[PDB]
Amino acid sequence: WXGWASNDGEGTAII
């Protein structure tokens, strides 16, 4: 979701 790498489903995801 609010990660900074891979997609977490809808947005960015944690490393």
# chains A, B, ... in the order shown; residues from 1 in each chain; ligands from 1
$ residues_around --residues "residue 1 (chain A)" --least-positions-apart "4" --cutoff "7 Å" --atoms "only C-alpha atoms" --output "ChimeraX atom specification"
/A:8-13
$ residues_around --residues "residue 14 (chain A)" --least-positions-apart "4" --cutoff "8 Å" --atoms "only C-alpha atoms" --output "list in words"
residues 2, 3, 4, 5, 6 and 8 of chain A
